[PDB]
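I have placed the structure first, in the form of structure tokens, so that the comments after it can refer back to it.
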Amino acid sequence: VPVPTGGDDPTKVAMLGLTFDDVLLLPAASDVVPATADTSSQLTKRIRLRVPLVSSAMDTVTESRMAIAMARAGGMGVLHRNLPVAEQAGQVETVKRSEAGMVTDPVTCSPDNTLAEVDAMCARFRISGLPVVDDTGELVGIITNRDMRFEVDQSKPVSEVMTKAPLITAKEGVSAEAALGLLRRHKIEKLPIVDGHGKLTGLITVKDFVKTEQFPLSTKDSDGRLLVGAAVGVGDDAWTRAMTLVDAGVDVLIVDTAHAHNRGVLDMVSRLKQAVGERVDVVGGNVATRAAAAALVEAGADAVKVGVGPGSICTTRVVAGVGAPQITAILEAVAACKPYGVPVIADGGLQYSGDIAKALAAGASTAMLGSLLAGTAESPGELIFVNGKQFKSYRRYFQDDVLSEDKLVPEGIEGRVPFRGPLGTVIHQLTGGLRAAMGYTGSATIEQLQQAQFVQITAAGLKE
Amino acid sequence: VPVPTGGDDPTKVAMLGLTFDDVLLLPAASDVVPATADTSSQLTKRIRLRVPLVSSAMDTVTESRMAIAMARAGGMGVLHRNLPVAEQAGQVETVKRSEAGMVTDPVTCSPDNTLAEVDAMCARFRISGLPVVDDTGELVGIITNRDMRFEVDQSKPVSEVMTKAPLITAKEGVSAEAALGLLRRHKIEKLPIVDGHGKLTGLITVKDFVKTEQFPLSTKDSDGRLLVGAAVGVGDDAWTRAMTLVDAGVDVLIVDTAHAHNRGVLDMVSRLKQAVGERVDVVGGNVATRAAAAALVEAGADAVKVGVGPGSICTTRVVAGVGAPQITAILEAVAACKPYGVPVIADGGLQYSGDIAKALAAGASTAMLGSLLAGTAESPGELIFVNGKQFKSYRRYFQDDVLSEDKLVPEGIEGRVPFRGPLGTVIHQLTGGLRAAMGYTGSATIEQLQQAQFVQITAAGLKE
Amino acid sequence: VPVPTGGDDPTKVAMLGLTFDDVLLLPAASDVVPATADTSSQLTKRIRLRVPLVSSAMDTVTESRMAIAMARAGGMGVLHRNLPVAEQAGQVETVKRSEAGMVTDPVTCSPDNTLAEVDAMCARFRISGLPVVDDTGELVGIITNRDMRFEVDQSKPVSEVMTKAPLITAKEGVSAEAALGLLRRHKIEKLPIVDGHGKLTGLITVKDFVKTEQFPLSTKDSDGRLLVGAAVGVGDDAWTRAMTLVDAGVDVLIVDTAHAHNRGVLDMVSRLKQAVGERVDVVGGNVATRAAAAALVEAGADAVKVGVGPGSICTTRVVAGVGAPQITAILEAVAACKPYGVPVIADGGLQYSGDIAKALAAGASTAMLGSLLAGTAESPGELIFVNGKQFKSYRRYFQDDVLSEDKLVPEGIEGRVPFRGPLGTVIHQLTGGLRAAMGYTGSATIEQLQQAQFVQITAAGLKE
Amino acid sequence: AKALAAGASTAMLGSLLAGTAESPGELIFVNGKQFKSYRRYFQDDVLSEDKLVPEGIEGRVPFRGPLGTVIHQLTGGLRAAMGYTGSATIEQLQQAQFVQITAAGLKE
Ligand SMILES: Nc1nc2c(ncn2[C@@H]2O[C@H](COP(=O)(O)OP(=O)(O)O)[C@@H](OP(=O)(O)OP(=O)(O)O)[C@H]2O)c(=O)[nH]1
Ligand SMILES: Nc1nc2c(ncn2[C@@H]2O[C@H](COP(=O)(O)OP(=O)(O)O)[C@@H](OP(=O)(O)OP(=O)(O)O)[C@H]2O)c(=O)[nH]1
Ligand SMILES: Nc1nc2c(ncn2[C@@H]2O[C@H](COP(=O)(O)OP(=O)(O)O)[C@@H](OP(=O)(O)OP(=O)(O)O)[C@H]2O)c(=O)[nH]1
Ligand SMILES: Nc1ncnc2c1ncn2[C@@H]1O[C@H](COP(=O)(O)OP(=O)(O)OP(=O)(O)O)[C@@H](O)[C@H]1O
Ligand SMILES: Nc1ncnc2c1ncn2[C@@H]1O[C@H](COP(=O)(O)OP(=O)(O)OP(=O)(O)O)[C@@H](O)[C@H]1O
Ligand SMILES: Nc1ncnc2c1ncn2[C@@H]1O[C@H](COP(=O)(O)OP(=O)(O)OP(=O)(O)O)[C@@H](O)[C@H]1O
Ligand SMILES: [Mg+2]
Ligand SMILES: [Mg+2]
Ligand SMILES: [Mg+2]
Ligand SMILES: [Mg+2]
Ligand SMILES: [Mg+2]
Ligand SMILES: [Mg+2]
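Residue numbers (the entry's author numbering), protein chains in the order written: chain A, 12 to 406, 427 to 495; chain D, 12 to 406, 427 to 495; chain F, 12 to 406, 427 to 495; chain E, 368 to 406, 427 to 495.
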């Protein structure tokens, strides 16, 4: 009658929690070559990624640059919400218009604009020119950075530097082959698109073709623009932020909380699903049990994020005593979400590509990457050089001494993190590990990897 | 109903994997003295070793020298395939002609051969002379290294240095006693063997008797030549390699793959078994489960090799998340192989002789030794002297500065491995540990050791 | 002819530099008890301290609180200049009015002042009440914190809470004994001082007597107010800052530069000496040679500060390769300053009280303490509790999640420094060490300690 | 700065520039860090462990980044030395004086 671990209640200790280090993938019959394995997976019930990886929406991980890089790599990025609503909406706009985003609503300047303003717009959107539209609304010309390369006077108006009409243009609904043919024939890099009245409706640049060739796995929406997600909280400021982000063109809204088994979080999810659910996917916060995942599914979430204190040495585990091992948590969440076809996102605890393979085999559909991507080039922060090494830092007015020691050392030296380089190499290494796991387990797709079996190892299997 | 580790499927976590550190051998009733225990075991269904150890077929472990040493020690060597087909066939031929291999097809030279060519052949085959056969095909004499010891001019032909006929010869089918008596009577070290018509058919040297007395446990084929195995891959190049190796006289072909539960590997095994299966034994690649071992047995493999990611901190376990603890894998593989009499080779994860005893007690017939033999003298590599120690390395044209620092330090200092000495001492230590285990468990033979019992130990049993 | 260290110029290597670890103080004939040694010394040619220690004028060391504590301990503090001119002048005013500073120019309030503003003034000046003066200029009452202890409504005007006139007052020029007698007789803690016409001229509080009894070594000016110094740079902003500080009531101005052997620094020192030299003492920046000290003396400096890269592992020594060992630098600076009676301040390189004794025996008159005082309670920074220990830190809007991990850890954990406790204990330990040194060397005064002899030790004397 | 003050006119830089982007060698990514390496035919197995690790992981050196940043840091240190010694030109820095320190001056 007594429980072997103490007491009389057999459900006081609910279960035995397994972490990533407790299990290994068992080899199975395999006709799968790692180079031909298909790693595409569902992020939500309507969005499918070519690479099942998402950035972690932390202030040190994901901004517009990281979102663009992740969308190009085949995954997606989620913008963090530790900033004003206007800044987050502007970052969403930057991601949406980065690549093949000027086809329908192009950015234009006026003939009275100075060269500095045009250069600022070009630097923000990473484009090399803009069409010029006057007060009447007529396409009067185009101004590119070949026109303003050597202009010393940056206060000069656009009208003195632009290339006047007529321009080489295309009709609405012009195919990519015809546009490329025009660009090759006239040896230009830009092609405005006008309607029957000769009024500007879009712009095609050589950047579109270059990026399509260079990044064949890019994640795009129906209009051909890069996908991006954004995080929101709970409350009224959260509602205003979510509405502003939806207006800016976000594709995924993540109700990001540490403990989503709360009435407020579920109410926010239901409200968002009812208000903008026809346009935007809604992802629920972090839930580590089956009941919480079922509650989020009932509230109408399109995807469920799992991790609640998954790290072994974690602040939640030490200060609060609350936690859940990640493998068991994913298993329970999948046991609640799978009958309704709701994807599961693993979040936290991942240190290697083997952990990603284990998380996907436990039943999750995507994995969210945090500290793995913190030091990359596309992550926020400034690159500094200290003691013969590169670091990334997150860094005078009254110190006018030219020979002071603070002048001899770089700024931001305190609080720096190692520099990891480009994001593409990290993503490629992770994808190679995942493909090796798929080849070992005989999984042609991720949906077949989700049916792979585990072997539990003892402590002796973790010894150096 | 719910699984205690998570989810609803009770087969998601298939089993608990035990490694070598998790178990110990239980003493049983024993009348066995370690000095008299019989350690002979089956390598395949037709080949029996006196010492149940095999080399690992890695480019840093097994070449012709290691194969010869392992065969003399009582085990066998498997040649690595990271080299051209002609080179691997040449190494097979070198092993096959090292000891008592000239009795039926001796190596011969011609009077037109220079002394340099004869010296090269003698250095390759480790013989001290050759019979001489002219264009017409008569045995005209013998050339040994006592004849060419002081010849300063190495371009001198054989005819100017050889000892002319008549020679002391013996008839075909001469017993060892008669040949030794002739050698003792005439006080020579070589004895050609001729047919009734006086044509050369073989050669006996004192090396045969010396090696027979020195190495009583040598592994030999039907003709008394040393046993050797070779590794092949999968594909058309692999088929050509296998055919060339069989022509060279290989005894065992090992289809060495990382994951043998693949249709291509099984097809290769079946093709080899149908083509050269009447002459050569075929060993399947590495398999960690019962189903894979059963598939290899059905395909026609003569032996099954097991280890798939057996190391605790392993590249397969960290990058792909795939692995299987070795004790459980051996148990499952034996559960599939034993009813058909197919031997099991335990490959990987062995660090001590206790691990070898545990692997043999788990049901395996032989153990394959890897990094334990990487630094021995017979392993490939160059011996260097660095900082008062001996190391083995795996290592000018435009650096003509005679006082440069690169002249002051040995080449290959970077990337060296410790030197281990002769292989025989290592094999003797491992065999002594195995004999002690056999004495403790009361096992007169390896087949009785395979019925020994284990005790599972906790984490506290591994603490220093 | 050649120099043994290289070259032909015997002055290329000018001298051998001795640091603190290279020398020890030799015991001499002593009739001195450590408890009776006199540690008073000259800071400048007109200012004498009771304890020859000065705070280091760094933004982590000296602000108004540290300056007050240092003045009470018997030394002095120099306010850092890494802040706006108005803030530094406010800190000067706070220090000057802390203790016995209302005797001639008291802080007053008007009857229309709210209780919040009076409370803010009392908190700034560390007083427990203010006299009230109307628009006409008459002393109408006094408001103390016993009157407003339980006034929950902090917007209440002073007129509703003050103790109305007539008050217990004393005539101008009242002796301290008479004021204390009045305070004892009427059992109050405050005594306004009025002239013959009944107009408010000053204020005496029990704080004056309490602090005089508690801190008998306090450094005071002619008016009986605590001494304070401030740092200024070079330039026009520096001139405005210096004029504002002199108007605020500063006593010492320190021209704080890393390399004071510059024409700009000397010109600034000369200008300050010409303009405000009758009221304020001017101390020159850091100089490490005899010629630089002579230049500062000629420019008209009242004291000369020495240290230029005195630390063994220092940023100046590593990045620039420039430095000077502190003992030799002090010897040279004293050799240039002593004939004119200009005191020397040893700045940098001090780690123990033995180093302070060595610096004073080398000829310096005062020592400037930096990192020794960084972690004390009176130094700038905020006290935090982390992992069972007290630390000092030098430190939300959008993180509204109540269960996030940033809510679980204290703010300022990054970049924290250890807590050292009260300043008085550190000063007392250093003074005890200095007194022990004086007793060993037989020096009744610091001027006698400046004539002590050294013994030079070898490397073997520094071995553990 | 010390070498130029002793009388040398130029300095030659070796290991300080070994791992920069412009130095010879290939950039590799190992264990979350960038390295520079100075690096199959018969290993056609697709699931082998040598396929799971990059080639050249052994014998690698840390990556330093662009050369311009290193040169700028060195020149800044030299300019600080010139400002301390009062040398407007390198020829005046060659007339600077030294002070000899003892062993105690090298202890942390
Ligand atoms: N004015 C301006 N232009 C910038 C700036 N940064 C990037 N660009 C331009 O943006 C276009 C694409 O930027 P990329 O660097 O290729 O791509 P990215 O979106 O990953 O940053 C290029 O012109 P392109 O003509 O599309 O390509 P190409 O002619 O260089 O091949 C490039 O010159 C900037 O700060 N100011
Ligand atoms: N020409 C030539 N001969 C070589 C060379 N290396 C070894 N030999 C000869 O090969 C024979 C056997 O070689 P061992 O060293 O005993 O054996 P191994 O096969 O283990 O290497 C010896 O002659 P033996 O007459 O059989 O033995 P013994 O008279 O030395 O006892 C030895 O002299 C070489 O580079 N060149
Ligand atoms: N209103 C107000 N008063 C403050 C504040 N902080 C300190 N005081 C008062 O200042 C006087 C002296 O402050 P202390 O703390 O003794 O000295 P300090 O200058 O070293 O800080 C005290 O009143 P006392 O009457 O001089 O001394 P006692 O009656 O407490 O002995 C104390 O109550 C504050 O934030 N607000
Ligand atoms: N559609 C167009 N019709 C006519 N002229 C055009 C058109 N697009 C660009 N031009 C003009 O052609 C010139 C170069 O065009 P393009 O856009 O290829 O240059 P760019 O991107 O600035 O070049 P670079 O990348 O070398 O700096 C500029 O003077 C530009 O104004
Ligand atoms: N069967 C034989 N009949 C006749 N002469 C022989 C025969 N075998 C060897 N000889 C000759 O006898 C001499 C020595 O023979 P043996 O083979 O014993 O020498 P070896 O092996 O060269 O000696 P070592 O190992 O001491 O250098 C040589 O001149 C050799 O040619
Ligand atoms: N000179 C004075 N003449 C008349 N009344 C006075 C005088 N000084 C103070 N008082 C009044 O006497 C009361 C107490 O005075 P006192 O200054 O001793 O108190 P306090 O410093 O506020 O006390 P505590 O330190 O206990 O809070 C207050 O109501 C105050 O207004
Ligand atoms: Mg361009
Ligand atoms: Mg271009
Ligand atoms: Mg011989
Ligand atoms: Mg011999
Ligand atoms: Mg009081
Ligand atoms: Mg009181």
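Even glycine gets a Cβ: it sits at the ideal position worked out from N, Cα and C.
What are the boundary residues of the alpha helix (DSSP H) that residue i is part of?
i	result
residue 482 of chain E	Careful: residue 482 of chain E lies outside any alpha helix (DSSP H) and carries neither H nor E.
residue 254 of chain D	247–259
residue 102 of chain A	96–107
Counting along the chain, where does the beta strand (DSSP E) carrying residue i start and finish?
i	result
residue 494 of chain E	First-last for residue 494 of chain E: undefined, no H or E at that position.
residue 358 of chain D	355–358
residue 393 of chain D	393–397
residue 173 of chain A	Element bounds for residue 173 of chain A: n/a, residue is neither H nor E.
residue 136 of chain F	Not the beta strand (DSSP E): residue 136 of chain F falls in the alpha helix (DSSP H), residues 126–136.
residue 143 of chain D	140–144
residue 265 of chain D	263–266
Does DSSP put residue i in a helix, in a strand, or in coil?
i	result
residue 205 of chain D	strand
residue 487 of chain D	strand
residue 179 of chain F	coil
residue 159 of chain A	coil
For residue i, which residues of its own chain have a beta-carbon under 7 Å away from its beta-carbon, when the five flanking residues on both sides are left out?
i	result
residue 79 of chain F	106, 109, 237
residue 13 of chain F	19
Leaving aside the five residues before and after residue i along the sequence, list all residues of the same chain whose C-beta is less than 6 Å from its C-beta, in chain order.
i	result
residue 124 of chain D	169
residue 70 of chain F	91, 93
residue 374 of chain E	481
residue 38 of chain D	471
Classify residue i: buried if its beta carbon has 16 or more other beta carbons within 10 angstroms, exposed otherwise.
i	result
residue 297 of chain F	buried
residue 398 of chain A	exposed
residue 27 of chain A	exposed
What does the alpha-carbon distance come out to for the pair residue i and residue j?
i	j	result
residue 485 of chain D	residue 343 of chain D	15 Å
residue 482 of chain A	residue 36 of chain D	36 Å
residue 177 of chain D	residue 203 of chain D	11 Å
residue 386 of chain D	residue 402 of chain D	8 Å
residue 171 of chain F	residue 118 of chain F	20 Å
residue 430 of chain A	residue 442 of chain F	27 Å
residue 232 of chain F	residue 157 of chain F	32 Å
residue 180 of chain A	residue 220 of chain A	17 Å
residue 88 of chain A	residue 240 of chain A	6 Å
residue 127 of chain A	residue 165 of chain A	6 Å
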